[PDB]
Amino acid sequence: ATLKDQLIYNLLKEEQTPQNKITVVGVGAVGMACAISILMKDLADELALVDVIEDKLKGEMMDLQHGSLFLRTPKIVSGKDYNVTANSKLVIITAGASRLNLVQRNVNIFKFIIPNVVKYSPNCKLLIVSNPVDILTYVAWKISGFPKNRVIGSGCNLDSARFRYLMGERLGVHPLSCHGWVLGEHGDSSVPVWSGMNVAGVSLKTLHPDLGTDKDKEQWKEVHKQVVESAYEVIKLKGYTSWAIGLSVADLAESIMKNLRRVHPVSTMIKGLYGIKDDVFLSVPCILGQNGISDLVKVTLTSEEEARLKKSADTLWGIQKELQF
(Lines of atoms letter the chains of each structure in order from A and count residues from 1; the text may use other names and numbers.)
(Lines give C-alpha, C1' and ligand atoms only; values in the text may rest on other atoms or scores of the structure.)
Protein backbone atom coordinates (compact mmCIF):
# COMPACT_ATOMS: atom_id res chain seq x y z
CA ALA A 1 0.00 0.00 0.00
CA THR A 2 1.35 3.36 -1.22
CA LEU A 3 0.44 6.59 0.61
CA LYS A 4 -2.15 7.34 -2.12
CA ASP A 5 -3.76 3.93 -1.64
CA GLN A 6 -3.67 4.39 2.15
CA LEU A 7 -5.28 7.87 1.89
CA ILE A 8 -7.74 7.34 -0.97
CA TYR A 9 -10.15 4.45 -1.73
CA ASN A 10 -11.06 4.29 -5.45
CA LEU A 11 -14.69 3.55 -6.48
CA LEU A 12 -14.05 3.67 -10.24
CA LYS A 13 -11.17 4.23 -12.68
CA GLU A 14 -13.57 4.87 -15.61
CA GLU A 15 -12.29 8.21 -16.93
CA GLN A 16 -14.59 10.00 -19.42
CA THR A 17 -14.13 12.15 -22.56
CA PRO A 18 -13.56 15.81 -21.60
CA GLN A 19 -16.90 17.60 -22.03
CA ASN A 20 -15.91 21.26 -22.48
CA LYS A 21 -12.48 21.10 -24.08
CA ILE A 22 -10.77 24.06 -25.85
CA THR A 23 -7.56 23.98 -27.88
CA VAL A 24 -5.39 26.98 -28.72
CA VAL A 25 -3.07 26.53 -31.68
CA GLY A 26 -0.11 28.88 -31.51
CA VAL A 27 1.41 29.96 -28.16
CA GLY A 28 2.72 33.37 -29.23
CA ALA A 29 1.49 36.52 -27.49
CA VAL A 30 -2.01 36.23 -28.99
CA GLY A 31 -2.54 32.59 -28.25
CA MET A 32 -1.40 32.88 -24.64
CA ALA A 33 -3.56 35.98 -24.08
CA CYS A 34 -6.47 33.87 -25.39
CA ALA A 35 -5.45 31.05 -23.06
CA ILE A 36 -5.25 33.12 -19.85
CA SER A 37 -8.55 34.89 -20.58
CA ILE A 38 -10.31 31.58 -21.26
CA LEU A 39 -8.89 30.13 -18.02
CA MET A 40 -9.97 33.12 -15.91
CA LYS A 41 -13.46 32.93 -17.37
CA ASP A 42 -13.93 29.19 -16.48
CA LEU A 43 -15.03 28.26 -20.03
CA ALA A 44 -13.24 24.93 -20.34
CA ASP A 45 -12.69 21.77 -18.31
CA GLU A 46 -9.58 21.00 -20.30
CA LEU A 47 -7.29 23.27 -22.26
CA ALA A 48 -4.83 22.06 -24.91
CA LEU A 49 -1.96 24.09 -26.42
CA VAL A 50 -0.15 23.26 -29.67
CA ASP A 51 2.83 24.91 -31.35
CA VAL A 52 5.88 23.87 -33.49
CA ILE A 53 8.37 25.50 -31.04
CA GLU A 54 8.63 22.69 -28.48
CA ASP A 55 10.52 24.26 -25.55
CA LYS A 56 8.34 27.42 -25.52
CA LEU A 57 5.26 25.20 -25.66
CA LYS A 58 6.21 23.11 -22.64
CA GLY A 59 7.21 26.22 -20.66
CA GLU A 60 3.96 28.06 -21.34
CA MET A 61 2.02 24.91 -20.43
CA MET A 62 3.90 24.48 -17.14
CA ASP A 63 3.56 28.17 -16.27
CA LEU A 64 -0.26 27.91 -16.64
CA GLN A 65 -0.29 24.64 -14.69
CA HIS A 66 1.52 26.23 -11.77
CA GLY A 67 -1.40 28.66 -11.41
CA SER A 68 -3.90 25.72 -11.11
CA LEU A 69 -4.63 26.53 -7.48
CA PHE A 70 -6.23 29.84 -8.60
CA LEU A 71 -8.19 28.38 -11.56
CA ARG A 72 -11.12 26.04 -12.21
CA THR A 73 -9.77 24.20 -15.25
CA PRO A 74 -8.49 20.87 -13.95
CA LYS A 75 -6.40 19.72 -16.94
CA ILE A 76 -3.97 21.65 -19.07
CA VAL A 77 -2.10 19.69 -21.75
CA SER A 78 0.18 20.52 -24.65
CA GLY A 79 2.10 18.86 -27.44
CA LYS A 80 3.40 19.15 -30.98
CA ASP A 81 1.18 16.11 -31.83
CA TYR A 82 -2.52 16.95 -32.39
CA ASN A 83 -3.57 13.91 -30.31
CA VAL A 84 -3.50 16.32 -27.30
CA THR A 85 -6.35 18.24 -28.98
CA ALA A 86 -8.77 15.29 -29.31
CA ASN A 87 -12.50 15.99 -28.69
CA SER A 88 -12.23 19.79 -28.51
CA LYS A 89 -15.51 21.66 -28.75
CA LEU A 90 -13.62 24.68 -29.99
CA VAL A 91 -10.29 25.12 -31.67
CA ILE A 92 -8.74 28.61 -31.84
CA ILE A 93 -6.06 29.15 -34.48
CA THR A 94 -3.56 31.97 -33.82
CA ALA A 95 -0.66 30.33 -35.72
CA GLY A 96 0.86 32.37 -38.57
CA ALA A 97 3.95 33.98 -40.14
CA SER A 98 6.16 41.39 -50.09
CA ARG A 99 2.76 40.43 -48.61
CA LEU A 100 0.96 38.14 -51.17
CA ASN A 101 3.58 35.54 -50.26
CA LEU A 102 2.52 36.07 -46.63
CA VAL A 103 -0.96 34.79 -47.52
CA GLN A 104 0.34 31.69 -49.34
CA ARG A 105 2.81 31.08 -46.45
CA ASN A 106 -0.08 31.09 -43.94
CA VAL A 107 -2.09 28.93 -46.34
CA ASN A 108 0.87 26.52 -46.20
CA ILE A 109 0.77 26.55 -42.41
CA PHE A 110 -3.01 25.94 -42.53
CA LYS A 111 -2.52 22.99 -44.92
CA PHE A 112 -0.69 21.22 -42.06
CA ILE A 113 -2.75 22.49 -39.05
CA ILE A 114 -6.32 22.13 -40.31
CA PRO A 115 -6.34 18.44 -41.34
CA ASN A 116 -4.73 17.47 -38.02
CA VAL A 117 -7.35 19.47 -36.07
CA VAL A 118 -10.22 17.88 -38.07
CA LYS A 119 -8.77 14.38 -37.61
CA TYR A 120 -8.86 14.66 -33.80
CA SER A 121 -11.91 16.94 -33.36
CA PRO A 122 -14.23 16.27 -36.36
CA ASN A 123 -17.15 17.98 -34.58
CA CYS A 124 -15.32 21.12 -33.38
CA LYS A 125 -15.97 24.69 -34.20
CA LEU A 126 -13.03 26.56 -35.70
CA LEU A 127 -12.26 30.07 -34.56
CA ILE A 128 -9.69 31.75 -36.80
CA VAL A 129 -7.64 34.65 -35.39
CA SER A 130 -4.59 34.48 -37.69
CA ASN A 131 -4.17 37.26 -40.21
CA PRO A 132 -5.34 38.19 -42.71
CA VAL A 133 -8.32 36.76 -40.81
CA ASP A 134 -11.00 37.00 -43.52
CA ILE A 135 -8.87 35.12 -46.09
CA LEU A 136 -7.65 32.61 -43.55
CA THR A 137 -11.19 31.85 -42.41
CA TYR A 138 -12.01 30.99 -46.07
CA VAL A 139 -8.84 28.82 -46.16
CA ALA A 140 -9.80 26.96 -42.98
CA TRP A 141 -13.32 26.47 -44.32
CA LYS A 142 -11.98 25.22 -47.65
CA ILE A 143 -9.37 22.79 -46.20
CA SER A 144 -11.56 21.52 -43.35
CA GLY A 145 -14.70 20.70 -45.36
CA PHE A 146 -16.80 22.03 -42.47
CA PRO A 147 -20.21 23.63 -42.89
CA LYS A 148 -20.02 27.43 -42.86
CA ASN A 149 -21.61 27.58 -39.35
CA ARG A 150 -18.55 25.86 -37.79
CA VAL A 151 -15.84 28.17 -39.25
CA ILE A 152 -15.78 31.54 -37.56
CA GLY A 153 -13.29 34.34 -38.14
CA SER A 154 -12.45 36.77 -35.34
CA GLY A 155 -13.05 39.43 -37.98
CA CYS A 156 -14.21 42.83 -36.73
CA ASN A 157 -14.87 41.71 -33.14
CA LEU A 158 -11.74 43.55 -31.92
CA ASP A 159 -12.36 46.46 -34.32
CA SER A 160 -15.80 47.00 -32.80
CA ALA A 161 -14.45 46.73 -29.25
CA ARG A 162 -11.89 49.46 -29.95
CA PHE A 163 -14.57 51.54 -31.58
CA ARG A 164 -16.79 51.25 -28.51
CA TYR A 165 -13.89 52.06 -26.19
CA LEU A 166 -13.20 55.26 -28.18
CA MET A 167 -16.86 56.18 -28.45
CA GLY A 168 -17.13 55.66 -24.68
CA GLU A 169 -14.15 57.95 -23.99
CA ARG A 170 -15.70 60.69 -26.14
CA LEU A 171 -19.12 60.47 -24.45
CA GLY A 172 -17.98 59.67 -20.91
CA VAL A 173 -20.02 56.43 -20.88
CA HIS A 174 -18.90 52.82 -20.28
CA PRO A 175 -18.25 51.00 -23.59
CA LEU A 176 -20.89 48.43 -22.66
CA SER A 177 -23.55 51.16 -23.00
CA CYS A 178 -22.02 52.60 -26.22
CA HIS A 179 -23.35 50.63 -29.21
CA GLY A 180 -21.74 50.75 -32.64
CA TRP A 181 -20.74 48.26 -35.31
CA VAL A 182 -17.60 48.07 -37.46
CA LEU A 183 -18.20 45.52 -40.23
CA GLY A 184 -16.78 44.17 -43.44
CA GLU A 185 -13.08 43.40 -43.87
CA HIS A 186 -11.02 43.31 -40.70
CA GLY A 187 -8.37 46.00 -40.44
CA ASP A 188 -7.74 48.95 -42.72
CA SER A 189 -10.82 48.50 -44.97
CA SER A 190 -13.42 48.04 -42.17
CA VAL A 191 -16.75 49.89 -42.35
CA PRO A 192 -18.21 51.91 -39.45
CA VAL A 193 -22.01 51.71 -39.60
CA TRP A 194 -22.96 55.22 -38.51
CA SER A 195 -26.70 54.51 -38.72
CA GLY A 196 -26.41 51.97 -35.91
CA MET A 197 -24.42 54.03 -33.42
CA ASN A 198 -26.44 54.70 -30.28
CA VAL A 199 -26.69 55.11 -26.57
CA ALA A 200 -29.90 53.90 -24.98
CA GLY A 201 -31.48 53.42 -28.44
CA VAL A 202 -30.96 57.08 -29.30
CA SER A 203 -29.40 57.15 -32.77
CA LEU A 204 -26.40 59.50 -33.00
CA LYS A 205 -26.96 59.86 -36.78
CA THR A 206 -30.53 60.99 -36.27
CA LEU A 207 -29.37 63.63 -33.78
CA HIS A 208 -26.39 64.63 -35.89
CA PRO A 209 -27.15 63.88 -39.58
CA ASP A 210 -23.59 64.84 -40.61
CA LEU A 211 -22.18 62.04 -38.35
CA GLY A 212 -19.37 60.18 -40.10
CA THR A 213 -19.26 62.48 -43.22
CA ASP A 214 -16.59 65.06 -44.20
CA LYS A 215 -19.01 67.92 -43.40
CA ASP A 216 -19.23 66.64 -39.78
CA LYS A 217 -18.10 69.56 -37.58
CA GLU A 218 -16.87 67.12 -34.89
CA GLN A 219 -15.32 64.65 -37.34
CA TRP A 220 -16.65 61.42 -35.79
CA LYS A 221 -14.95 59.78 -38.76
CA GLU A 222 -11.80 60.19 -36.62
CA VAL A 223 -13.09 57.54 -34.18
CA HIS A 224 -12.98 54.94 -36.98
CA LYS A 225 -9.69 56.28 -38.29
CA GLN A 226 -8.43 56.02 -34.70
CA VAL A 227 -9.57 52.39 -34.65
CA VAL A 228 -6.94 51.68 -37.37
CA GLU A 229 -4.33 54.19 -35.99
CA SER A 230 -4.62 52.61 -32.52
CA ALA A 231 -3.64 49.14 -33.82
CA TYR A 232 -0.58 50.56 -35.71
CA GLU A 233 0.29 52.60 -32.62
CA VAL A 234 0.17 49.61 -30.27
CA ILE A 235 2.54 47.70 -32.56
CA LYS A 236 4.86 50.69 -32.83
CA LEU A 237 4.87 51.04 -29.01
CA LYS A 238 5.01 47.45 -27.56
CA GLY A 239 5.77 45.35 -30.69
CA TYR A 240 2.51 43.35 -30.80
CA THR A 241 -1.12 43.32 -29.54
CA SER A 242 -2.15 40.62 -27.13
CA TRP A 243 -4.41 41.54 -24.21
CA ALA A 244 -7.31 43.09 -26.15
CA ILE A 245 -7.47 40.28 -28.78
CA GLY A 246 -7.23 37.64 -25.99
CA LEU A 247 -10.20 39.21 -24.18
CA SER A 248 -12.31 39.63 -27.35
CA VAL A 249 -11.63 36.02 -28.29
CA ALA A 250 -12.60 34.78 -24.79
CA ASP A 251 -15.89 36.65 -25.22
CA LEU A 252 -16.58 34.77 -28.48
CA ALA A 253 -15.61 31.53 -26.78
CA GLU A 254 -18.03 32.26 -23.94
CA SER A 255 -20.96 32.61 -26.33
CA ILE A 256 -20.10 29.38 -28.13
CA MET A 257 -19.29 27.22 -25.09
CA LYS A 258 -22.33 28.37 -23.13
CA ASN A 259 -24.67 28.52 -26.16
CA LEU A 260 -25.66 32.09 -25.35
CA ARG A 261 -26.81 33.20 -28.82
CA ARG A 262 -25.40 36.64 -28.30
CA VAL A 263 -24.67 38.73 -31.41
CA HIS A 264 -21.04 39.50 -32.32
CA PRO A 265 -19.35 41.04 -35.37
CA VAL A 266 -17.45 38.04 -36.68
CA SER A 267 -16.34 36.92 -40.18
CA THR A 268 -18.76 34.58 -41.94
CA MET A 269 -19.43 33.65 -45.54
CA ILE A 270 -21.40 36.52 -46.98
CA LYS A 271 -22.06 35.03 -50.46
CA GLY A 272 -25.51 36.13 -51.57
CA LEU A 273 -25.49 39.42 -49.59
CA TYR A 274 -24.79 43.00 -50.65
CA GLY A 275 -24.55 41.87 -54.32
CA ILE A 276 -21.62 39.54 -53.51
CA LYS A 277 -21.49 36.12 -55.28
CA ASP A 278 -17.92 34.93 -54.56
CA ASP A 279 -16.96 32.55 -51.72
CA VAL A 280 -15.62 35.21 -49.32
CA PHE A 281 -15.81 35.84 -45.56
CA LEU A 282 -16.59 39.28 -44.11
CA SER A 283 -17.84 40.48 -40.75
CA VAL A 284 -21.52 40.98 -40.06
CA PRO A 285 -23.34 40.60 -36.74
CA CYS A 286 -23.76 36.88 -36.14
CA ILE A 287 -25.64 34.87 -33.50
CA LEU A 288 -23.05 32.62 -31.82
CA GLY A 289 -23.84 29.44 -29.93
CA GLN A 290 -23.00 25.75 -29.53
CA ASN A 291 -23.20 25.01 -33.27
CA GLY A 292 -21.28 28.19 -34.08
CA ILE A 293 -22.82 30.77 -36.36
CA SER A 294 -26.49 29.76 -36.67
CA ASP A 295 -27.84 33.11 -37.89
CA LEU A 296 -26.78 36.56 -39.07
CA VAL A 297 -28.35 39.99 -38.80
CA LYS A 298 -29.26 41.71 -42.07
CA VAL A 299 -27.94 45.20 -41.42
CA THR A 300 -29.57 47.89 -43.57
CA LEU A 301 -26.58 49.52 -45.33
CA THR A 302 -26.37 52.66 -47.42
CA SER A 303 -25.29 52.30 -51.07
CA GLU A 304 -21.88 53.62 -50.11
CA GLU A 305 -21.58 51.06 -47.31
CA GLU A 306 -22.62 48.18 -49.63
CA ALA A 307 -20.14 49.38 -52.26
CA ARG A 308 -17.27 49.26 -49.68
CA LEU A 309 -18.12 45.64 -48.77
CA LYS A 310 -18.45 44.75 -52.46
CA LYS A 311 -14.96 46.13 -53.16
CA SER A 312 -13.59 44.13 -50.22
CA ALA A 313 -15.26 40.95 -51.53
CA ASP A 314 -13.80 41.61 -55.01
CA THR A 315 -10.30 42.21 -53.58
CA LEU A 316 -10.52 39.18 -51.29
CA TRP A 317 -11.71 36.89 -54.09
CA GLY A 318 -8.92 38.22 -56.36
CA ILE A 319 -6.32 36.97 -53.85
CA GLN A 320 -8.16 33.72 -53.07
CA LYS A 321 -8.53 32.53 -56.69
CA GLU A 322 -4.68 32.73 -57.00
CA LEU A 323 -4.01 30.60 -53.89
CA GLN A 324 -2.60 27.07 -54.07
CA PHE A 325 -4.19 24.33 -51.84
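Superpose the two forms; the largest set of C-alphas matching within 1.5 Å is the rigid core. Just count from 1 along the sequence shown to find any residue number.
> Quick one: with the core lined up, is it 85-93 or 227-235 that wanders further in 9 other deposited structures of this protein, going by C-alpha RMS?
Replying inline: Between 85-93 and 227-235, the one lying farther away in 9 other deposited structures of this protein is 227-235.
With everything overlaid on the rigid core, name the stretch, 145-153 or 100-108, whose CA atoms wander farther on average in 9 other deposited structures of this protein.
Stretch with the higher C-alpha RMS distance in 9 other deposited structures of this protein: 100-108.
For this session: Count, per the entry, the deposited residues between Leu247 and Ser248 that are not modelled, and return the matching class: none, 1 to 3, 4 to 9, or 10 or more.
Result: Gap size class: none, per the record.
| query | Mean C-alpha B factor from the entry: is it higher for 273-281 or for 23-31? | reply | It is 273-281.
| said: So, looking at the entry's B-factor column for Cα atoms, which has the higher mean, 110-118 or 70-78? | reply: If you average the C-alpha B-factors of 110-118 and of 70-78, the larger mean comes out for 110-118.
| task | Among the candidates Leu158, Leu166, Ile235, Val199, give the one with the maximum CA B-factor reported in the record. | result | Highest C-alpha B-factor among the listed residues goes to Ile235.
(Q) Just to confirm, going by the entry's C-alpha B-factors, which of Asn87, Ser255, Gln104, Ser242 comes out highest? (A) When the deposited C-alpha B-factors of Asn87, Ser255, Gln104, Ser242 are compared, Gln104 is largest.
Would you mind ranking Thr94 by its C-alpha B-factor against the rest of the chain and naming the third, lowest, middle or highest?
-> Highest third.
Worksheet item: In terms of the chain's CA B-factor thirds, is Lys125 lowest, middle or highest?
Response: For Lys125, the deposited C-alpha B-factor lands in the lowest third.
### Query
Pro175: which third of its chain by C-alpha temperature factor?
Answer is lowest: the recorded C-alpha B-factor places it there.
For this session: Quick one: classify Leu57 as lowest, middle or highest third of the chain based on its Cα B-factor.
Result: Its C-alpha B-factor, which the entry lists for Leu57, ranks in the middle third among residues of this chain.
| query | Among the modelled residues of its chain, does the C-alpha B-factor of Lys142 lie in the lowest, middle or highest third? | reply | Its C-alpha B-factor, which the entry lists for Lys142, ranks in the highest third among residues of this chain.
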